[PDB]
Ligand SMILES: CCCCCCCCCCCCCCCCCC(=O)OC[C@H](COP(=O)([O-])OCC[N+](C)(C)C)OC(=O)CCCCCCCCCCCCCCCCC
Ligand SMILES: CC(=O)N[C@@H]1[C@@H](O)[C@H](O)[C@@H](CO)O[C@H]1O
Ligand SMILES: CC(=O)N[C@@H]1[C@@H](O)[C@H](O)[C@@H](CO)O[C@H]1O
Ligand SMILES: CC(=O)N[C@@H]1[C@@H](O)[C@H](O)[C@@H](CO)O[C@H]1O
Ligand SMILES: CC(=O)N[C@@H]1[C@@H](O)[C@H](O)[C@@H](CO)O[C@H]1O
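In PDB author numbering, the protein residues as written are 26 to 290, 298 to 480.
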């Protein structure tokens with residue numbers, strides 16, 4: 026079913042991912058334990074004997090260079106290279122009735138690893154990863170043995186190198202297999218199944234599909250649907266199929282289909305005399321509108337008023353990448369409610385409320401804050417004499433700054449919660465506007 030939100034991970038973001046998984050993996054290779062190599066020898070220079078390289082331990086492991094691509098259809102293909110692993114151990118060579126001792130160190134270079142990361146989804150809507158077809162190639166070997174024993178080096182090269190090489194690549198590939206299922210899969214699953222938005226509503230971030238590894242991008246599609254906290258009555262399920270074109274500037278782009286609070290921005301509304309706070313000195317009654325229209329109090333002395341306004345356009349243009357400049361243009365008509373119980377037309381106003389919105393990221397949520405500006409009023413028509421627009425403008429401002437703007441400022445400050453795994457921080461928000469969905473551009477940083 027069509028997802029509410031969609032996390033599109035770009036090639037750039039897959040690159041970050043690999044680099045960061047690379048340091049986690051590197052620490053895990055230290056847990057690798059090599060076996061012990063023992064057997065007999067018959068060196069033509071010193072005779073036959075027994076040897077043993079035991080207590081092998083990973084001492085150095087440097088995994089640098091890597092590459093995360095897309096396997097269109099199944100998932101990702103990882104490739105780490107130009108790495109190095111150092112190995113340390115002890116040896117004992119029994120020649121004669123004597124027994125020797127010493128240490129050794131190997132330096133492995135030109136190390137290459139390749140694994141496939143299979144991305145899928147479990148019934149519960151949680152992510153799953155699985156490494157398949159792992160293969161590593163251990164080659165450039167540097168052997169150093171304690172004591173300047175020459176035959177020991179030649180002996181290593183003739184009878185242990187190849188074995189150690191394969192044993193090692195085999196263990197490294199097993200660490201990778203294990204590490205993904207015991208660390209990686211439990212990490213992707215740190216992604217919220219459900220996040221609270223407000224103390225009233227909530228969103229469900231269950232997967233509607235396993236991440237879709239497209240040719241150039243990775244799309245992880247979430248249910249993303251709003252649901253009542255007390256008992257989620259599914260009164261919100263129309264969400265269409267979205268499809269934004271190719272934006273590869275940043276690491277991830279979120280596509281957020283719908284919200285609730287002023288996401289709709298043909299937005300009609302009504303203002304009744306009993307919708308303005310009591311303490312707030314503004315009221316919708318002829319006697320109060322007397323200064324605006326000195327004639328209303330004659331034609332309709334002491335009566336209730338109606339305002340039926342409506343948005344007719346909401347021009348949005350970017351200032352900063354994360355700062356919008358919208359000015360909803362509306363037309364309001366004043367009605368005086370006469371004893372005939374039927375509203376009756378008085379005047380019509382044109383208003384343009386210039387505002388600035390500036391978004392940010394803060395703790396997995398997208399947050400914003402309003403930046404109030406000039407509210408412009410222009411008389412459109414009037415069947416009750418001239419209208420002091422200048423005076424009324426001051427009231428339009430009082431109203432907004434004391435109602436409309438403080439609330440919206442709160443709605444934004446509460447923010448929307450994004451689908452992220454643990455320890456992630458987003459930066460450089462590029463908030464571009466599109467069809468039914470908001471398209472949030474961001475870069476990522478793993479809180480190591
Ligand atoms: C899933 C929604 C994503 C929405 C957008 C946000 C992500 C944007 C792109 C960056 C993703 C995160 C990168 C950093 C996390 C990955 C590396 C890492 O160290 O994770 C911590 C994990 C665990 O680190 P840890 O064990 O130190 O910490 C675990 C968490 N605590 C501390 C709380 C216990 O690292 C690993 O598990 C390493 C396992 C082997 C990794 C093998 C190579 C993996 C290469 C990257 C794969 C990325 C797949 C992305 C799939 C996205 C869809 C599900
Ligand atoms: C599309 C719609 O809802 N129709 C309303 C119409 O009923 C109302 O009389 C008018 C007032 O300006 O505003 C329109 O938006
Ligand atoms: C669409 C439009 O221009 N608005 C008019 C106006 O009288 C008022 O907003 C509404 C109330 O019924 O009726 C519409 O016809
Ligand atoms: C936080 C932010 O960037 N928003 C700014 C606002 O602070 C500034 O007063 C206004 C005028 O330049 O432009 C907005 O875009
Ligand atoms: C990081 C960020 O930009 N968001 C801040 C947040 O850190 C802070 O908690 C809040 C006030 O409490 O103000 C937001 O603007």
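All C-beta atoms, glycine included, are put in the ideal place defined by N, C-alpha and C.
Return the chain-ordered list of same chain residues with a C-beta closer than 8 angstroms to the C-beta of residue i, the five sequence neighbours on each side being excluded.
i: residue 248; result: 26, 28, 29, 150, 229, 230, 231, 232, 233
i: residue 363; result: 341, 342, 344, 380, 381, 382, 383, 412
i: residue 402; result: 387, 388, 389, 437, 440, 441, 444
i: residue 370; result: 332, 335, 376
i: residue 178; result: 168, 170
i: residue 182; result: 168
With residue i and residue j assumed to form a contact (beta carbons below 8 angstroms), what rounded beta-carbon distance in angstroms separates them?
i: residue 285; j: residue 101; result: Their Cβ separation, rounded to whole angstroms, is 35 angstroms, which puts residue 285 and residue 101 out of contact at 8 angstroms.
i: residue 91; j: residue 43; result: 5 angstroms
i: residue 61; j: residue 77; result: 7 angstroms
i: residue 96; j: residue 140; result: 11 angstroms between Cβ atoms; not a contact.
i: residue 251; j: residue 240; result: Between residue 240 and residue 251 the Cβ distance is about 32 angstroms, and since that is not below 8 angstroms, they are no contact.
i: residue 176; j: residue 70; result: 6 angstroms
i: residue 258; j: residue 198; result: With 8 angstroms as the limit, residue 258 and residue 198 do not qualify as a contact, their Cβ atoms being about 51 angstroms apart.
Ligand 3 heavy atoms versus the CB of residue i: any closer than 7 angstroms?
i: residue 271; result: no
By Cβ distance below 6 angstroms, which residues in the same chain neighbour residue i in space, the five residues on each side in sequence not counted?
i: residue 400; result: 389, 391, 444
i: residue 171; result: 127, 128
i: residue 25; result: Lying before the first or after the last residue shown, residue 25 is absent from the chain, which here runs from 26 to 480.
i: residue 410; result: 382
For ligand 5, I want to know if residue i counts as a neighbour, meaning its beta carbon is within less than 7 angstroms of at least one of the ligand's heavy atoms.
i: residue 394; result: yes
i: residue 399; result: yes
Compute the minimum distance between the beta carbon of residue i and the heavy atoms of ligand 1, and state whether it is under 7 angstroms.
i: residue 456; result: yes
i: residue 200; result: no
i: residue 92; result: no
i: residue 152; result: yes
i: residue 478; result: yes
i: residue 38; result: yes
i: residue 208; result: yes
i: residue 276; result: yes
i: residue 245; result: yes
i: residue 204; result: yes
i: residue 346; result: no
i: residue 449; result: no
i: residue 228; result: no
i: residue 332; result: no
i: residue 57; result: no
i: residue 131; result: no
Closer than 7 angstroms by C-beta to residue i: which residues in its own chain qualify, once you throw out the five before and the five after it? Chain order, please.
i: residue 124; result: 117
i: residue 83; result: 54, 55, 57, 110, 112
i: residue 431; result: 314
i: residue 298; result: 342, 343, 344
i: residue 210; result: 153, 154
i: residue 89; result: 107, 108
i: residue 324; result: 419, 420, 423, 424
i: residue 163; result: 133, 136, 190, 193, 194
i: residue 406; result: 386
Give a yes or no on whether the C-beta atoms belonging to residue i and residue j are separated by under 8 angstroms.
i: residue 242; j: residue 476; result: no
i: residue 462; j: residue 473; result: yes
i: residue 290; j: residue 346; result: yes
i: residue 214; j: residue 148; result: no
i: residue 236; j: residue 144; result: yes
i: residue 246; j: residue 468; result: no
i: residue 470; j: residue 201; result: no
i: residue 455; j: residue 479; result: yes
i: residue 361; j: residue 417; result: no
i: residue 244; j: residue 31; result: yes
i: residue 105; j: residue 138; result: yes
i: residue 330; j: residue 378; result: no
i: residue 337; j: residue 311; result: no
i: residue 79; j: residue 37; result: no
i: residue 339; j: residue 348; result: no
i: residue 196; j: residue 59; result: yes
i: residue 288; j: residue 316; result: no
i: residue 225; j: residue 156; result: no
i: residue 221; j: residue 449; result: yes
i: residue 166; j: residue 131; result: yes
i: residue 49; j: residue 208; result: yes
i: residue 308; j: residue 466; result: no
Under the criterion of a Cβ to heavy atom distance below 7 angstroms, does residue i qualify as lining ligand 2?
i: residue 298; result: yes
i: residue 342; result: yes
Quiz item: Can you list, in chain order, every residue whose CB sits closer than 6 angstroms to a heavy atom of ligand 4?
Solution: 351, 352, 355, 388, 390, 403
Practice problem: For ligand 3, enumerate in chain order all residues having a CB closer than 5 angstroms to any of its heavy atoms. | Solution: 340, 365
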